[PDB]
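S.K.: Got an experimental structure here, sequence first:
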Amino acid sequence: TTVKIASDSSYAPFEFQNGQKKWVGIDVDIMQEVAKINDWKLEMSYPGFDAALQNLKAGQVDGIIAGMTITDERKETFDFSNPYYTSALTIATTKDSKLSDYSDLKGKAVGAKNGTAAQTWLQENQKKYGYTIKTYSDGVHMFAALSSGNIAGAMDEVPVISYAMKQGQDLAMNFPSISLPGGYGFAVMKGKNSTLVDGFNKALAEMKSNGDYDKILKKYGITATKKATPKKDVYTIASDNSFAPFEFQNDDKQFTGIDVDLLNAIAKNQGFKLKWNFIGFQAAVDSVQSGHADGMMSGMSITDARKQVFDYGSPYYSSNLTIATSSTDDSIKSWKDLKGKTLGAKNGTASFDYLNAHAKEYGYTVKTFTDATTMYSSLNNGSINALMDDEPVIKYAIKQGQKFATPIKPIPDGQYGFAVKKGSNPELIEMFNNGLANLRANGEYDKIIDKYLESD
């Protein structure tokens with residue numbers, strides 16, 4: 001009635017021998033607590049990963065925990081637990097390196113261990129960035145090459161590097177990381193030993209819930225962050241082709257905006273990779289709905305009707321309607337100051353509808369515009385006294401230099417949200433909510449917003 005689990009023979013920080021020749025690590029500690037939480041007698045063995053798979057298949061072993069990536073190919077043969085760890089790739093450098101971006105590697109030599117994801121990734125992105133790829137047989141040889149200056153960076157797993165820095169090696173992680181899809185899991189033979197998987201999953205949740213998980217990671221130099229687990233290599237994001245300031249093209253004709261900058265920033269923080277398609281709001285809707293785009297970021301209002309077919313992340317922008325006046329007009333300082341004035345609004349908008357519904361109230365006149373430019377030209381030349389529009393459009397127009405002012409407190413009009421097709425791509429909603437939370441705390445969020453809407 002022993003639970004026999006096999007693992008790799010040397011893989012720090014997941015399983016390895018310390019100064020006592022004692023077996024220790026993240027996998028080791030996690031498996032041992034799971035056993036205790038389940039009142040299991042644990043019998044670990046360390047033959048090595050390939051041998052572990054062979055022993056599992058022969059039934060000589062009950063299960064495996066050895067930094068095993070969960071993959072659909074492997075689900076043909078194994079059953080996995082939930083991911084217990086989500087690793088990532090990045091570039092390690094000596095502490096005194098000034099390189100911080102993958103562009104910096106142009107002309108440089110980069111190392112990776114032979115036969116690894118790090119190797120593959122380097123190849124897939126070599127044409128882009130223009131580096132040389134040196135490959136190595138093990139980490140010892142790779143890092144000796146980093147230390148001696150013969151490569152300028154070395155690509156490996158964040159956990160492996162984080163641990164080496166904890167030990168006291170001359171190493172740094174200045175680059176972004178790339179999450180590895182799938183995550184690591186505990187595995188049993190397919191259709192067998194289900195109660196082990198369920199016992200692993202239930203225990204794992206407790207350890208996440210009671211802080212014992214984070215303490216184990218802290219032990220090996222890893223500061224547990226909220227990170228979703230990617231399932232694909234890259235996710236496609238559709239969006240509108242021109243809705244400044246959220247998605248639009250600047251004069252170099254490259255796309256930019258709050259939506260672009262924020263979502264890219266969210267993904268960088270989570271280690272996901274995104275591909276944008278600025279096809280148009282309705283085109284984005286249909287593409288997500290038809291299963292040809294993974295999600296959309298396109299200044300989209302969150303509504304109950306859309307909730308019938310989309311899933312939304314946490315709200316990321318409070319969409320407001322506000323009045324624009326001439327920045328030299330001292331006569332409009334409140335709604336009550338609008339009596340005798342004519343105000344412009346675009347046809348068929350909420351601005352339009354709101355102005356109409358209060359026009360009799362406050363004694364102003366509403367001029368309908370069909371072209372946004374002719375509206376703003378009319379405020380500029382004084383043919384109208386004021387306009388109403390979405391708050392961020394007016395602020396961006398002001399930051400771009402239009403001589404406008406907003407004297408009156410705005411009108412709330414819903415919230416923008418990131419969307420996926422309902423029930424699709426749940427890890428993408430996760431990565432949006434996690435990343436958004438983090439960028440709100442360090443201030444990247446406000447920094448992106450002020451980039452487009454803060455003036456003087």
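M.R.: Thanks, I have the structure now. Numbering: from 1, shown residues only.

S.K.: And the strands in the stretch 301-450 of the chain, which stretches?
M.R.: In the stretch 301-450 of the chain, the strands defined using DSSP state E, counting those that start in this stretch lie at 310-312, 317-326, 342-346, 365-369, 386-390, 404-405, 411-416, 419-421.

S.K.: So which of those strands is nearest residue 162?
M.R.: strand 419-421 (31.2 Å; C-beta to C-beta). Just so you know, the C-beta spots here come from the backbone N, C-alpha and C atoms, and that holds for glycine as well.

S.K.: mind giving me TSV with the strands of the stretch 301-450 of the chain and columns for mean neighbour count and distance to residue 359?
M.R.: Formatted as TSV, the strands of the stretch 301-450 of the chain follow (neighbours: other C-beta atoms under 10 Å; distance: least, C-beta to C-beta, whole Å):
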stretch	mean neighbour count	distance to residue 359
strand 310-312	21	34
strand 317-326	21	13
strand 342-346	21	8
strand 365-369	16	5
strand 386-390	24	11
strand 404-405	19	21
strand 411-416	16	14
strand 419-421	23	34
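
S.K.: Distance to residue 234 added to those strands, as TSV?
M.R.: Compiled in TSV, the strands of the stretch 301-450 of the chain are given as follows (distance: least, C-beta to C-beta, whole Å):
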stretch	distance to residue 234
strand 310-312	20
strand 317-326	25
strand 342-346	37
strand 365-369	41
strand 386-390	31
strand 404-405	40
strand 411-416	24
strand 419-421	15
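
S.K.: Looking at these, which is nearest to residue 134?
M.R.: Nearest to residue 134, of all the strands of the stretch 301-450 of the chain, is strand 419-421, at 39.9 Å by C-beta to C-beta.

S.K.: So which residues make contact with that closest one?
M.R.: 288-289, 291, 294-296, 300, 306, 309-313, 426, 428-429 (C-beta atoms under 8 Å, 6 or more residues apart in numbering).

S.K.: For ChimeraX, what selects the buried ones among these?
M.R.: The following ChimeraX line selects those of these that are buried, judged by 16 or more other C-beta atoms under 10 Å:
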select :288,289,294,295,296,300,306,310,311,312,313,428,429
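
S.K.: Just the closest of the contacts of strand 419-421 to residue 197, please.
M.R.: Distances from residue 197 to those, taken by C-beta to C-beta, are shortest for residue 426, at 19.8 Å.

S.K.: And the closest one, how close does it get to residue 383?
M.R.: As for residue 426, its distance to residue 383 is 51 Å (criterion: C-beta to C-beta, to the nearest Å).

S.K.: what's the answer for residue 53, then?
M.R.: 77 Å.

S.K.: Of these two, give the one with the bigger neighbour count.
M.R.: Between residue 53 and residue 383, counted using other C-beta atoms under 10 Å, residue 53 has the larger neighbour count: 20 against 12.

S.K.: so the more buried one touches residue 60, yeah?
M.R.: No - Residue 53 is not in contact with residue 60 according to C-beta atoms under 8 Å; the separation is 11.3 Å.

S.K.: Show me how far the helix or strand encompassing residue 27 is from its chain's centre.
M.R.: Using DSSP states H and E, the element containing residue 27 is helix 26-38. Chain-centre distance of helix 26-38: 30 Å, with C-alpha atoms, centre = their mean, to the nearest Å.

S.K.: Which strands or helices does that helix pack on?
M.R.: If contacts are counted by 3 or more C-beta pairs under 8 Å, 6 or more residues apart in numbering; DSSP states H and E, helix 26-38 sits against strand 42-45, strand 63-69, helix 194-210, helix 212-219.

S.K.: Give me the buried positions along it.
M.R.: 26, 27, 28, 29, 30, 31, 32, 33, 34, 35, 37, 38.

S.K.: ok, residues contacting that helix?
M.R.: So helix 26-38 is in contact with 3, 5, 7, 11, 13-15, 40-42, 44, 65-67, 84-85, 159, 186, 199-200, 202-204, 206-207, 212-213, 216-217, 219-220, 222, going by C-beta under 8 Å, 6+ apart.

S.K.: can you rerun that using 6 Å?
M.R.: Helix 26-38 is contacted by residues 5, 7, 13, 14, 15, 42, 65, 199, 200, 203, 216, 220 when judged by C-beta atoms under 6 Å, 6 or more residues apart in numbering.

S.K.: tilt between that helix and helix 212-219?
M.R.: Between the axes of helix 26-38 and helix 212-219, defined by axes from the mean of the first three to the mean of the last three C-alpha atoms, to 10 degrees, the angle is 160 degrees.

S.K.: quick check: angle from helix 26-38 to strand 63-69?
M.R.: 140 degrees.

S.K.: For helix 26-38, C-alpha coordinates in PDB please.
M.R.: Output in PDB follows, covering the C-alpha atoms of helix 26-38 (Å, rounded to 0.1, in the frame of the first residue of the first chain):
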ATOM      1  CA  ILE A  26      10.200  21.800  -5.400                       C
ATOM      2  CA  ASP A  27       8.800  18.500  -6.800                       C
ATOM      3  CA  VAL A  28      10.100  16.600  -3.800                       C
ATOM      4  CA  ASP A  29       8.700  19.000  -1.200                       C
ATOM      5  CA  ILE A  30       5.300  19.200  -3.100                       C
ATOM      6  CA  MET A  31       4.900  15.500  -3.500                       C
ATOM      7  CA  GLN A  32       5.900  14.900   0.200                       C
ATOM      8  CA  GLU A  33       3.300  17.300   1.500                       C
ATOM      9  CA  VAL A  34       0.600  15.900  -0.800                       C
ATOM     10  CA  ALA A  35       1.300  12.500   0.600                       C
ATOM     11  CA  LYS A  36       1.000  13.800   4.200                       C
ATOM     12  CA  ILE A  37      -2.200  15.700   3.400                       C
ATOM     13  CA  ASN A  38      -3.600  12.400   2.000                       C
END
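
S.K.: Was I right to think residue 274 contacts residue 237?
M.R.: Yes - counting by C-beta atoms under 6 Å, residue 274 does reach residue 237; the two are 5.2 Å apart.

S.K.: Looking at those two, which is more packed in?
M.R.: residue 237 (27 against 19).

S.K.: Doesn't that one lie inside a strand?
M.R.: Yes - applying DSSP: H, G, I helix; E, B strand; the rest coil, one finds residue 237 inside a strand.

S.K.: Return the residues in contact with it.
M.R.: So residue 237 contacts 274, 276, 295, 297 (C-beta under 6 Å, 6+ apart).

S.K.: Residue nearest the middle of the chain, spatially speaking?
M.R.: residue 267 (2.6 Å; C-alpha atoms, centre = their mean).

S.K.: Phi and psi next, for residue 121.
M.R.: With angles defined as degrees, to the nearest 10, residue 121 sits at phi -50, psi -50.

S.K.: Let me know how buried the nearest residue to it once chain neighbours are set aside is, in neighbour terms.
M.R.: Nearest residue to residue 121, sequence neighbours excluded (C-beta to C-beta, 6 or more residues apart in numbering): residue 89, at 5.8 Å. By other C-beta under 10 Å, 23 other residues sit near residue 89.
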